[PDB]
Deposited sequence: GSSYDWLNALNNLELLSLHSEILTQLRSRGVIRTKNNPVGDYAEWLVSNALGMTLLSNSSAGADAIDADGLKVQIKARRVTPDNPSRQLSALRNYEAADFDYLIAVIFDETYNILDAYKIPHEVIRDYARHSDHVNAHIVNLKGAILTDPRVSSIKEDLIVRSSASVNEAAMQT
């Protein structure tokens, strides 16, 4: 909830804490690499919530066998593909990683036909997380 206490850490403590977090997430299987943690988390969220299988390194195959792209973005004050997939799922997080929006974008949409999946993703992800905690 609160992060002003970060002001009291030195840069080396922040950096060591940062890596321990990524070690913790990797050990839980939430992120598969240290390179893009927000993207890896979205992929873990969407795959578990919607019954998709992740691909190592399309990002996933869904429950009907379609090829899916998963991209994520976090809202703050601060600032082609030539590969085939059937649709993109785009997740937008707030500062504390609550889902602001989630979009299903068929590949055909380039540069309307895209629909929100926000409610379905939140519901099935909340069931997923609470179930796993058991």
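In sequence order, the gaps in C-alpha coverage of the deposited chain fall at 1, 59-62, 85-94, 127-149, 173-174.
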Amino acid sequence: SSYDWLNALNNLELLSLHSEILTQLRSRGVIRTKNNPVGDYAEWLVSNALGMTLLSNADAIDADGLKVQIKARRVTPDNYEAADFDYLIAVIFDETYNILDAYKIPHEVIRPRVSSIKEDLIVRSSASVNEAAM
From here on, numbers count along this sequence of modelled residues.
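Higher average CA B factor: 64-72, of the stretches 42-50 and 64-72. Once the C-alpha B-factors are averaged per stretch, 25-33 and 82-90 rank with 82-90 first. Per the deposited coordinates, the residue with the largest Cα temperature factor out of 118, 18, 113, 124 is 113. In this PDB entry, the Cα temperature factor of residue 102 sits in the middle third of its chain's modelled residues. Among all modelled residues in its chain, residue 129 ranks in the lowest third by Cα B-factor.
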